[PDB]
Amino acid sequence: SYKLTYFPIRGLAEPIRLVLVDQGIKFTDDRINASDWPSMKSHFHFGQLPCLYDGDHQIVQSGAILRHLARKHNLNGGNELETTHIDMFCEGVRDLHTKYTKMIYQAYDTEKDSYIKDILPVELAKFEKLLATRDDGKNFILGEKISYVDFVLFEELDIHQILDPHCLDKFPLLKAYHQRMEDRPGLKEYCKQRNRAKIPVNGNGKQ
């Protein structure tokens, strides 16, 4: 059985949750309190969350969790080159996310607008171009078939759209793509409920 342990925010665990929910995989979504964290901190290999318990097995590190799940549930591509392609795209999503979190925790007042104007369009052009190399950008990252990295890019697009409602206005492939991921039947309800419960994107309440 699965138990995902993280803080009660989207942050680094959300794409993991998205994968499981969409694919109908039962898991315990274990959102801890700020207050209980200090006493569990030492239970985890690097003293951080997220953690996925697969049976007795402790799996920390969000990337290792995603790639493990990809392999257990056939969301890792159809061959060596596709697996490599999705990992490369996944890593570029995470690189954008590191720039995003930096501005959010460290410089929201002073760097939000330069982020939106000078950094984000440059970084979205890279995803737009890469997405267009499969099925002309009209289906998933690999074209015909969905893979773990589709849930990772969706979350990243979605939180950037919260930050800037017009971020995808000039990237038609990414825009239509976000919209196809959002209306997946396995997700439509979860994202509605998440939306109305006002689940924070980040630990400091800014987004």
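Numbering starts at 1 and runs along the sequence shown.
Looking at 150-158 and 49-57 together, the entry lists the larger mean B-factor for 49-57, computed on C-alpha atoms. Averaged over their C-alpha atoms, the temperature factors of 93-101 and 110-118 are higher for 110-118. As recorded in the PDB entry, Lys26 shows the highest C-alpha B-factor of the residues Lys26, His68, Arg180, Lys170. Ranked within its chain, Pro15 lands in the lowest third, by CA B factor from the PDB record. Annotation for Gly63: C-alpha temperature factor in the lowest third relative to the rest of the modelled chain, per the entry.
Remark: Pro165 belongs to the middle third of its chain, ranked by C-alpha B-factor as recorded.
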